Each structure stands twice: as structure tokens, then as C-alpha cells.
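Enquirer: return a 3D structure for these sequence lines:
(chains A and B)
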Amino acid sequence: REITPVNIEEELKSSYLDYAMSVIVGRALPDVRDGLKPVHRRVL
DNA sequence: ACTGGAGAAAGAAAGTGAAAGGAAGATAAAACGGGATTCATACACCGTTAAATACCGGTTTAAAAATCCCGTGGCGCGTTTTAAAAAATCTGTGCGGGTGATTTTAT
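Expert: Numbering: from 1, shown residues only, chains lettered A, B, ... in the order given. Let me share the structure:
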């Protein structure tokens, strides 16, 4: 089908949780073993 | 003749670029007030003495202090207003990885 209904709450929750998890685990926090963010490690 | 669509005219309402001016700012010239020198000159400290004043004894008397009656306005109480100070609540902002965009010159 071209059109499928969807509730707003589920879409909002899923999108925001995905973005929050991505930011928390991949962009802003350092690792305890080497103290580096992914960008620093990739540059090095 | 009549109908309904379409294009052109005409008219009225809204947005526009330009407008003195005036309170509200801003910036200089001027008048002011507060320190460093430089002495001459008037001021501070020390012996001498004639004179002006403080002090005692006893009156007194006129003036001020003490006392009584009363009739008021000036403090005191209770209850409201009203600014003033204090506590509570909002508003910005920058740190570092991410998303997406702007402008002026030469040949």
C-alpha cells in the first residue's frame, strides 16, 4: 500500500531514542581504557 | 436574442520612500583644585617688673524662688495606609562536537 497510518507517539519515541543512543554511545563520551573519543582515535 | 466565459478599464485600499525635529545622546575646550620647592619673615620660647585683680568680713535688698488653683491643648492608644527592603523567580552565556548556509576584489 502507498499509504499506511502511524501513531505520532511511537514515531517520536523511536526517533528520539535512536538519536539519543547514537549521541551517547558514539559521539560525546570517552572510553575508560584509553580516554579517547572516536574522532580522536580515527585521526590518530 | 440570449448565455456564460474572458479580457480590459476603472476605481479604492494598502505599502512605500522621503520628511523636520527633537529629545538623547555623544565628544573637546575650559575652568577648577590639589600636590612639590623657596625662602624671608613673622612667630615661639626665655629672664624682669608695675600693675591689675582675686580674696576676706559683714550688711542688705531687691529680685527670684517656692506654693496653690485651675483649665486646657499636647501626648497616648488603637487602627489604617504606604513606601522600602528582602526573598523568590526568570534570562543570558559559554564550553565542544554536529547540521546547514553567506560576501568583496583583479584581469
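Enquirer: how about the residues of chain A near DNA strand B?
Expert: A:27, A:28, A:37, A:38, A:39 (CB under 7 Å from any atom of the strand). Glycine gets a C-beta too; all of them are placed from N, C-alpha and C.
Enquirer: ok, the closest residue to the third one other than its chain neighbours to residue A:44 distance?
Expert: To tie it back to what came earlier, the one meant is residue A:37. Closest residue in space to residue A:37, ignoring its immediate chain neighbours: residue A:30 at 5.6 Å, by CB to CB, 6 or more residues apart in numbering. Using CB to CB, to the nearest Å, we find residue A:30 at a distance of 14 Å from residue A:44.
Enquirer: more neighbours: those two, which one.
Expert: residue A:30 (12 against 6; other CB atoms under 10 Å).
Enquirer: quick check: the more buried one touching residue A:36?
Expert: Yes - Residue A:30 sits in contact with residue A:36 when judged by CB atoms under 8 Å, with a separation of 6.0 Å.
Enquirer: which phi and psi values does residue A:35 adopt?
Expert: phi 60, psi 40 (degrees, to the nearest 10).
Enquirer: go on, residue A:27?
Expert: phi -130, psi -40.
Enquirer: pretty sure it contacts residue A:40?
Expert: No - the pair residue A:27 / residue A:40 is not scored as a contact, 11.8 Å apart, by CB under 8 Å.
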